[PDB]
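Asks: Structure in structure tokens, see below.
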Amino acid sequence: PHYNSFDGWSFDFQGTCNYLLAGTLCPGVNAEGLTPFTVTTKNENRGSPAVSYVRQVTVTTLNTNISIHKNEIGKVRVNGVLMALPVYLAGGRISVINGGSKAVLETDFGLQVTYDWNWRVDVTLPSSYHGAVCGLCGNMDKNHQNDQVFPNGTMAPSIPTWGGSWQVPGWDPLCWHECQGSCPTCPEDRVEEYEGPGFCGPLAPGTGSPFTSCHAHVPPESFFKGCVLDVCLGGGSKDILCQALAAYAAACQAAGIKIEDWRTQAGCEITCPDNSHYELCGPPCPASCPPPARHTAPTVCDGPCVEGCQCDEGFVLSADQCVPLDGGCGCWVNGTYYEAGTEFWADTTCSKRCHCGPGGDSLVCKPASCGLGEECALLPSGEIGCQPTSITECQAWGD
Amino acid sequence: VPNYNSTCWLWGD
Amino acid sequence: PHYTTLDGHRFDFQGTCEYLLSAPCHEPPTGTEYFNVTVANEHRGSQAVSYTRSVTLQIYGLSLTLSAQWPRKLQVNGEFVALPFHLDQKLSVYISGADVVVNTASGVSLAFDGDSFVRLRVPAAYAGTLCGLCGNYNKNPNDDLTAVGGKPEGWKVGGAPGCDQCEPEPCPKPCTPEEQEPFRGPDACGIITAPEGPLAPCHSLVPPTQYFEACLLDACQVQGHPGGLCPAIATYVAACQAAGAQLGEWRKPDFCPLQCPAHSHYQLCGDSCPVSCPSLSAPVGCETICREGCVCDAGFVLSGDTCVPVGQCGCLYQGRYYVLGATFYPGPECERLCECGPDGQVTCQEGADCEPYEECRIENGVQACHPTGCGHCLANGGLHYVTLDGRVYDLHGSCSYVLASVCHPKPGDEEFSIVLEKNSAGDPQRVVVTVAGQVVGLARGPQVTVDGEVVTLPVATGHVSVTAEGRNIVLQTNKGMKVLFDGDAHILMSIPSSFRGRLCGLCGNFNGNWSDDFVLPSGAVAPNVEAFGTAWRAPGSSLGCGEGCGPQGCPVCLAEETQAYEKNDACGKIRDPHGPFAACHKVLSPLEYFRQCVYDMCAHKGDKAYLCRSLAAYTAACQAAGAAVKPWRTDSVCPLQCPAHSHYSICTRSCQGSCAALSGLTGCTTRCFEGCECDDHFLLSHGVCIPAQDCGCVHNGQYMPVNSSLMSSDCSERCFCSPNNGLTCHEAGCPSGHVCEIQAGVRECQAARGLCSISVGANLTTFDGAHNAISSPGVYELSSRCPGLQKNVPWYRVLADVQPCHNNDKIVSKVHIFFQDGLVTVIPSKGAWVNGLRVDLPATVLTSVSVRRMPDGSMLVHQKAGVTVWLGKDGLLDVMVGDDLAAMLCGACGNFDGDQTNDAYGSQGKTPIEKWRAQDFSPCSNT
Amino acid sequence: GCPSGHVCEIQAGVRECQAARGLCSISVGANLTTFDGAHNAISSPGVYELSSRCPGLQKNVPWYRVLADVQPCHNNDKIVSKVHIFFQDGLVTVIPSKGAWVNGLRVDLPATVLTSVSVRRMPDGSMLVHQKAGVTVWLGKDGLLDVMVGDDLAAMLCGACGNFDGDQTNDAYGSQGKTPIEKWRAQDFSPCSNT
Ligand SMILES: *[C@@H]1O[C@H](CO)[C@@H](O)[C@H](O)[C@H]1NC(C)=O
Ligand SMILES: *[C@@H]1O[C@H](CO)[C@@H](O)[C@H](O)[C@H]1NC(C)=O
Ligand SMILES: *[C@@H]1O[C@H](CO)[C@@H](O)[C@H](O)[C@H]1NC(C)=O
Ligand SMILES: *[C@@H]1O[C@H](CO)[C@@H](O)[C@H](O)[C@H]1NC(C)=O
Ligand SMILES: *[C@@H]1O[C@H](CO)[C@@H](O)[C@H](O)[C@H]1NC(C)=O
Ligand SMILES: *[C@@H]1O[C@H](CO)[C@@H](O)[C@H](O)[C@H]1NC(C)=O
Ligand SMILES: *[C@@H]1O[C@H](CO)[C@@H](O)[C@H](O)[C@H]1NC(C)=O
Ligand SMILES: [Ca+2]
Ligand SMILES: [Ca+2]
Ligand SMILES: [Ca+2]
Ligand SMILES: [Ca+2]
């Protein structure tokens, strides 16, 4: 995809497997004031091998892993269960908090990396350990040309192999950094036709175009080439244009400058549910009842505006949708949020089939387990769930 | 130096 | 066929009914549901053998079925839908390489590719009560097939009425018990167990003794059939890949090649979860096995087929994916004519409820208003005709007529007209049918000479499907209209299409009393029977044949037939109830064909319309409706001799045993028409029968015999084949100087009468033959229709864009065709413009222009019954026109009435520039 | 008529020669005036597209692409020789001096042709063609031409005239990074001209 490092660097490497995104001490050299961390990114595809887009983002800090698999919430806990929008692990003041269109976290250090539910990734240091950075972010020293070196520390002349060099240790079948075979590069003729108004139009720099004030704070020049490249290589549907524009809009808005409306004139408007008050600029950290409801407020909640369908008007925002003020708004159990009684699994032992009474400020649980030839190991991006012990195969042979 | 709180952004596609 | 139970039991069966393979004995206790799957069998190729046909999965209230007849497509609850039908928490069915996999929250998981393999992964929880043919889940081979007995075919569901019995003869050719196969050698059927070969890894991983003995039976049933070799080795290879192994290439062009739909290439280890239209890779465990199969390149599997181009994936309305341009009728009872919007929005227009007599119902895989009526026309005898309904008017015609024609155009209706030629001298006729602006000859005097356009059409399909079902020949268009022609004068025109009232003619649609009150276009008062014949005349008559016997003594021998019987006493002995030669008298009234049998002609003298001539017609065409015909040739008084190596039968399901792997058999009316079936390892093909050595070729819709050179439309060379190796559709544009026209009934491109060259080495010969080149730049009007003639020519005032461009030597730079409806302009260099906007190069318009890229980079243009223009990759140009346009067109190219002289190629003035040169695209001409 | 096109505008309660908002005068005195504050000379012979409904825009206004020849015509003026208005049905090219060659057939001047189009030679000597709820061309005797569109469409079309937003330089070669070939030179009618 399109990258922007902790250093002042942007690049468009494409990948197929987990790569080291961020982190501080790959070799562990700086053994002073040591609080090491590491985060990794993974790229998947949806039909066209020309490019790849973020699928699952993984981090590992202070004996605790985190992962998001491009959906509404969760997959972050070490036990394997998915986590809600606000949640407190209670160990080391760690708490994941997700904005209406964002998903950040915090710890005793205050590390905050925000990934959208669909291919929009951003990391931010807690200013805890800032000295050296290990991962795709690079050294992150003032210079931007020295970021690319191998995890072994050697000079890296081949940046296409950089991701594989920093890829997750192990064997990754069918993970090619570049398209080994013939690659269906988009023709040059359609780029002039598609770049006009109505398709990557507002993204283009223009005083008449909306959010012209947003141009000074954040340069969209990187966004401009990306829009054309990922719509021409794509079939040309309008959703790609909306997702391309929204990224630059949110970036320049969080830079601090307000934005005037562009969704209506461009034809792409979100059909958000319930209250769904779409606002050009509205407060971040929407009103959500904290699972502790008494712990300290995240430091990121005091921040600039973000474009998203705020639901806080009337009903509050909880469990990724709008819930009325009398709604459950989470179960509030040991700093953990249980949303609308989704009948979750508390622990990996499969015993705790806990339905959540979120308005009751407590949970009603059952001790049953899967069994029945399906043991309760962790499912891929799911609660502790059943998985068959063994499945044979009947071959109905034919001549 | 307390003034280089920095960010890393990964943009989809 | 052979198969291995999940238990490890190996056993074999051959059948033709519809069975089941995996079904719970009862409803599961809790947390899971019934998942019964039914497996269909067919007798394919020879007899005493079976290839699997379909598997039908019913679970969670949804019946999902997959058949070999439709590759890579799913049938849901009796209707066609898209395969990426992602339901909620279940039924995540998706295409996986050559296979399609039904994945469920319950442990049930099915993998089916068609082509003789099904695999059904069943969870360990489903062990106590499993009653499918796969056997019990205890995994003990000995205790399998114990309740049903030793029968491997005891379990069956439904099926055709004739599934039980192969033939009146006891299922010819049981395979050799000793397996006396000279093909046991490694040359054929010898790559799955021979070590040190391309299948080396699974030689250790998968014990192949269990799977080897199936290959030898294939050789016994048919001698080295490619269609018997390709499936079995792949069937073993898939189960071998089930446990990972780095297999070498087992697919060799000499041994077994494989063909796939457009833009699909073969890979032995490819992705098992390609991304569908909802661009989501199946969430279930993927990349477990890199299956062999065909993978779309620069495309994605839309609706499970067609390898649709990127980004045109359609609407997700109501959850069921609907393709672009599909008229969903998603609401029940065809309430709304919703159309799939360009950008995924479900554009819904409130459509009408259609004609009152029609009904909106689901049949043939689609749901819409369909006809509900039924009709019958007979036209038994040569002269003898029958009206649409009521009594027989018994015309003794002797000239070309029209049985039925539309008298009121309708939007929903289509072209439909059937005429009997009558041949000459009151002889049996020859039928022709006009549908969808095309003409097809159903049958001729011999057994099969189906005309269409190419006179050679043994078993072919298109917008109309024609089946050479035994003795008779049947035809049905896209809309069901049954046409039959025994070869003799007999017809049986079944017209259930309810074009009520809008039909008139000999079989004229005036429902009511038996009179039927036929109406002339002006007025009918019934002057005489001969007046009806005189009024109804058709074009193309050679000389306008007169109607009527000289003294009209032809029907007066009937009086002599009263003085002495002089008629078919034996016909009366057979058409009557105690004549067992006809048991379909319940199906059809015999009282019409009875006096047809008495007064055919003087049945014992004079003009000869014999018992042999006409006796067989009734008992050979009553098979249209299902009927059982006991042998009419009980004594074989009229011998129906066979070509070679064949024995006659009243029931000959020649639909089965076709030489092709394609079968537009129309269901054969779910019955077997009369005929002589060949024996042993027979393979029937348009009369001649060959014993399973050469009929290894099959195409999309037209069967090709051994060493055939069938060339399809657009003249992209030919799909030549060879029994040892071939079936490779060689593609090459037809060379300059020839056009894709049916010469003597061959589609192979030949030199058409009209050839006005332009850029054949910069040659401009007239359609007539005068030679004078453009020799100047511009857009030149050449194929100009001469104004005010009301012929079929449009105002396609073609403007040849002869510009320097490449090499500054006036090769065709572009084209400029008005075509009365546009400004079509294609460039060999850059694109093809319509109305001023460029479109994809391989795109054709039947009504406007046929534009497609030749392999070398050339493009042509052609009109349906219109002009044709060539355009080489570098400038090249020929204009092909049929001489049916005798003159009647005045452009730079002359009239071409067949005379060099009359056009005289613009003798008094230049036809290219002095005259017929366009100025609308010329500059101002004033400085 | 009036020297600058203003027709079929009901203002002050009656139809009058009052200027409309949609106005791209082309090469009037060899300077092209867009729907914004812009002036330049094409200085390039050929058929350079001037206006068209921008692809994929939501408004139901039909495709109304135009193509103005840069042939010198009368004494090297480069005036629009033939306004090949490629309407959705087909070419409706109109010629001032000669008769209209609509769809390749010369037709009478004072007659409606194709669909929802009115064509007529001006009594002074010019030629007017109008589209209902669409564009009009007042092609003059001496080659003067103004493409005229109603006020209903604003920044809903992308051609040589470009947006109607009235921003002076946001359509002229856009701003910062863009690839605008304001002189399109569409090659379906343009000569290949390759060597
Ligand atoms: C170090 O970099 C990568 C990461 O393991 C490795 O593949 C490579 O062989 C090593 N190179 C050197 C110079 O040690
Ligand atoms: C760095 O510190 C906190 C941690 O995220 C952040 O809120 C703050 O805005 C950053 N500093 C500056 C000067 O922006
Ligand atoms: C399979 O399930 C369907 C679902 O109703 C049912 O109609 C059918 O009879 C079942 N087949 C068998 C063999 O039980
Ligand atoms: C039936 O006979 C009546 C009597 O004149 C006539 O009006 C009507 O058209 C006939 N209907 C037919 C022949 O279908
Ligand atoms: C097909 O190939 C050649 C063509 O004449 C011929 O010798 C051969 O016998 C043909 N095949 C069969 C099975 O007859
Ligand atoms: C010119 O080429 C055409 C192409 O078919 C041919 O028929 C004609 O004989 C040629 N004439 C000469 C003089 O070469
Ligand atoms: C040239 O452009 C300028 C700018 O308005 C103006 O003078 C006029 O419109 C054009 N023609 C001439 C002759 O100046
Ligand atoms: Ca650096
Ligand atoms: Ca068993
Ligand atoms: Ca002539
Ligand atoms: Ca502007």
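Protein chains in written order, with PDB author numbering: chain B, 1259 to 1657; chain A, 1246 to 1258; chain C, 1658 to 2584; chain F, 2390 to 2584.
Cβ coordinates follow ideal geometry from the N, Cα and C atoms, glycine included.
#1: So, helix, strand or coil for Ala1768 (chain C), using DSSP?
#2: Straight-line CA distance for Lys2230 (chain C) to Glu2331 (chain C)?
#3: Name the DSSP beta bridge partners of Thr1713 (chain C), please?
#4: On the CB-based measure, 16 or more other CB atoms within 10 Å of its CB, does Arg1552 (chain B) come out buried or exposed?
#5: Report the residue from C:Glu1992, C:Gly2162, C:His2338, C:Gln2565 whose alpha carbon sits nearest the alpha carbon of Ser2303 (chain C).
#6: Less than 7 Å separating the Cβ of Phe2251 (chain C) from some heavy atom of ligand 4?
#7: Given that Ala1462 (chain B) touches chain F, what residues does it touch there, using C-beta distances under 9 Å?
#8: Which same chain residues, not among the five before or five after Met1341 (chain B), have their C-beta less than 7 Å away from its C-beta?
#9: Give me the Cβ distance between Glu2071 (chain C) and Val2089 (chain C), rounded to the nearest whole Å; I'm assuming they're in contact under 8 Å.
#10: Using the Cβ count rule (16 or more neighbours within 10 Å means buried), how would you classify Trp1424 (chain B)?
#11: With 8 Å as the limit, tell me which residues of the segment 1301-1322 of chain B have their beta carbon closer than that to any beta carbon of chain C; keep them in chain order.
#12: With DSSP collapsed to three states, give me the class of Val2417 (chain C).
#13: Keeping to the same chain, check which residues put their C-beta closer than 8 Å to that of residue 2631 (chain C); ignore five residues upstream and five downstream.
#14: Which residues, in chain order, sit with a beta-carbon under 7 Å away from any heavy atom of ligand 4?
#15: For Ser1471 (chain B) versus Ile1515 (chain B), is the C-beta distance shorter than 8 Å?
#16: For the alpha helix (DSSP H) that contains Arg2232 (chain C), what are its first and last residues?
#17: For chain C, is any of its Cβ atoms less than 8 Å away from the one on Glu1446 (chain B)?
#18: Report the residues of the segment 2541-2563 of chain F with a CB closer than 7 Å to any CB of chain C, ordered along the chain.
#19: Say the cut is 7 Å; is the CB of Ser2379 (chain C) nearer than that to a heavy atom of ligand 5?
#20: Under 8 Å by Cβ, that's how I've got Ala1768 (chain C) and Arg1776 (chain C) pegged, so tell me the actual separation to the nearest angstrom.
#21: Could you check whether the segment 2220-2236 of chain C touches the segment 2169-2185 of chain C, counting it as contact only if at least three pairs of C-beta atoms, one from each stretch, sit closer than 8 Å?
#22: With a CB to CB cut of under 6 Å and the five nearest residues on each side skipped, what residues in its chain are close to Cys2295 (chain C)?
#23: Whose beta carbon lies closer than 5 Å to any heavy atom of ligand 11, going through the chain in order?
#24: Mind checking who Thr2422 (chain C) pairs with in its DSSP beta bridge?
#25: What's the C-alpha gap between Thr1274 (chain B) and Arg1993 (chain C)?
#26: At a cut-off of 7 Å, would you count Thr1412 (chain B) as near ligand 1, judging by its Cβ distance to the nearest heavy atom?
#27: Per DSSP, what kind of secondary structure is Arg2404 (chain C) in: helix, strand or coil?
#28: In three-state terms, what does DSSP make of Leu2341 (chain C)?
#29: What residues in its chain sit with their C-beta under 7 Å from that of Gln1568 (chain B), if we drop five residues either side in the sequence?
#30: Using a Cβ cut-off of 9 Å, pull out every chain A residue sitting near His1327 (chain B), in sequence order please.
#31: Whose C-alpha, out of B:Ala1598, B:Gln1403, B:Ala1577, is nearest the C-alpha of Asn1356 (chain B)?
#32: If you draw a straight line from the C-alpha of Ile1716 (chain C) to the C-alpha of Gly1971 (chain C), how long is it?
#33: Cα separation between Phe2167 (chain C) and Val2436 (chain C)?
#34: Using a cut-off of 7 Å between C-beta atoms, extract the partners of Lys1808 (chain C) located in chain B.
#35: Mind checking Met1413 (chain B): buried by the 16 CB within 10 Å criterion, or exposed?
#36: Quick one: complete alpha helix (DSSP H) runs, 4+ long, within the segment 2163-2198 of chain C?
Replies: Looking at the coordinates:
#1: On the third sequence, residue 1768 (chain C) is found 111 positions in, with the first residue counted as 1. Here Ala1768 (chain C) sits in strand by DSSP.
#2: For the purposes of this step, residue 2230 (chain C) is taken as residue 573 along the third sequence, with counting starting at 1. For the purposes of this step, residue 2331 (chain C) is taken as residue 674 along the third sequence, with counting starting at 1. Looking at the two C-alpha atoms, the distance is approximately 21 Å.
#3: Against the third sequence, residue 1713 (chain C) aligns to sequence position 56. The partner list for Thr1713 (chain C) (beta bridge, DSSP) reads C:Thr1695, C:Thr1722.
#4: Within the first sequence, numbered from 1, the residue matching residue 1552 (chain B) stands at position 294. Counting Cβ neighbours within 10 Å, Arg1552 (chain B) comes out exposed, since fewer than 16 surround it.
#5: On the third sequence, residue 2303 (chain C) is found 646 positions in, with the first residue counted as 1. Closest by alpha carbon: C:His2338.
#6: Numbered from its first residue, the third sequence carries residue 2251 (chain C) at position 594. False, no ligand heavy atom lies under 7 Å from that Cβ.
#7: Translated into the one-based positions of the first sequence, residue 1462 (chain B) becomes position 204. Here the neighbours are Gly2563, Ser2564, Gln2565, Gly2566, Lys2567.
#8: Taking the first residue of the first sequence as position 1, residue 1341 (chain B) is located at position 83. These residues qualify, in order along the chain: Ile1331, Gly1332, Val1334, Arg1335, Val1354.
#9: For the purposes of this step, residue 2071 (chain C) is taken as the residue at position 414 of the third sequence. For the purposes of this step, residue 2089 (chain C) is taken as the residue at position 432 of the third sequence. That belief does not hold up - the Cβ atoms of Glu2071 (chain C) and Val2089 (chain C) are roughly 17 Å apart, past 8 Å.
#10: Translated into positions along the first sequence, residue 1424 (chain B) becomes position 166. Under this definition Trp1424 (chain B) is a buried residue.
#11: Residues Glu1302, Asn1303, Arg1304, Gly1305, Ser1306.
#12: Along the third sequence, read from residue 1 onward, the residue named residue 2417 (chain C) stands at position 760. Here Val2417 (chain C) sits in coil by DSSP.
#13: As displayed, chain C neither begins before 1658 nor continues past 2584, which places residue 2631 (chain C) out of reach and without an answer.
#14: C:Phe2167, C:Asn2168, C:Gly2169, C:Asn2170, C:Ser2172, C:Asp2173, C:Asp2174
#15: Residue numbering aside, residue 1471 (chain B) sits at position 213 when the first sequence is read from its first letter. Residue numbering aside, residue 1515 (chain B) sits at position 257 when the first sequence is read from its first letter. Cβ atoms of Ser1471 (chain B) and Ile1515 (chain B): closer than 8 Å.
#16: As a position in the third sequence, residue 2232 (chain C) is number 575, starting the count at 1. Its alpha helix (DSSP H) spans residues 2226-2232.
#17: The count along the first sequence starts at 1 and reaches residue 1446 (chain B) at position 188. Not closer than 8 Å to any Cβ of chain C, the Cβ of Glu1446 (chain B) fails to qualify, so no.
#18: none
#19: On the third sequence, residue 2379 (chain C) is found 722 positions in, with the first residue counted as 1. Within the cutoff, so yes.
#20: The sequence position of residue 1768 (chain C) within the third sequence is 111, counting from 1. The sequence position of residue 1776 (chain C) within the third sequence is 119, counting from 1. Contact flag correct, Cβ pair sits at about 4 Å.
#21: no
#22: On the third sequence, position 638 is the one that residue 2295 (chain C) refers to. Counting only Cβ-Cβ distances below 6 Å, and skipping sequence neighbours, we find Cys2269.
#23: F:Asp2425, F:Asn2552, F:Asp2554, F:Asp2556, F:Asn2559, F:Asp2560
#24: Residue numbering aside, residue 2422 (chain C) sits at position 765 when the third sequence is read from its first letter. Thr2422 (chain C) pairs with C:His2428.
#25: Within the first sequence, the letter at position 16 stands for residue 1274 (chain B). Within the third sequence, the letter at position 336 stands for residue 1993 (chain C). About 44 Å.
#26: Stepping through the first sequence from its first residue, residue 1412 (chain B) is reached at position 154. Yes, ligand 1 has a heavy atom inside 7 Å of this Cβ.
#27: The residue you call residue 2404 (chain C) lines up with position 747 of the third sequence. It is coil, neither helix nor strand.
#28: On the third sequence, residue 2341 (chain C) is found 684 positions in, with the first residue counted as 1. Strand.
#29: Locating residue 1568 (chain B) in the first sequence gives position 310, counting from the first residue. Taken in chain order, the residues that qualify are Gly1358, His1535, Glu1537, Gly1540, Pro1544.
#30: Reading the first sequence from its first residue, position 69 is the one you call residue 1327 (chain B). Neighbours of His1327 (chain B) on chain A: none; closest Cβ ~14 Å, over 9 Å.
#31: Along the first sequence, read from residue 1 onward, the residue named residue 1356 (chain B) stands at position 98. Of B:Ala1598, B:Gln1403, B:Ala1577, the residue nearest in Cα terms is B:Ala1577.
#32: Residue mapping note: residue 1716 (chain C) aligns to position 59 of the third sequence, counting from 1. Residue mapping note: residue 1971 (chain C) aligns to position 314 of the third sequence, counting from 1. Between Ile1716 (chain C) and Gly1971 (chain C), the C-alpha separation is close to 27 Å.
#33: Here residue 2167 (chain C) refers to the residue found at position 510 when the third sequence is read from its first residue. Here residue 2436 (chain C) refers to the residue found at position 779 when the third sequence is read from its first residue. If you take the alpha carbons of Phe2167 (chain C) and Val2436 (chain C), they lie about 55 Å apart.
#34: As a working note, residue 1808 (chain C) is residue 151 in the third sequence. Result: empty, since nearest Cβ-Cβ is about 17 Å, beyond 7 Å.
#35: Within the first sequence, the letter at position 155 stands for residue 1413 (chain B). Exposed, since its Cβ has fewer than 16 Cβ neighbours within 10 Å.
#36: Secondary structure remark: continuous alpha helix (DSSP H) runs of at least 4 residues inside the segment 2163-2198 of chain C, in chain order: 2186-2192.
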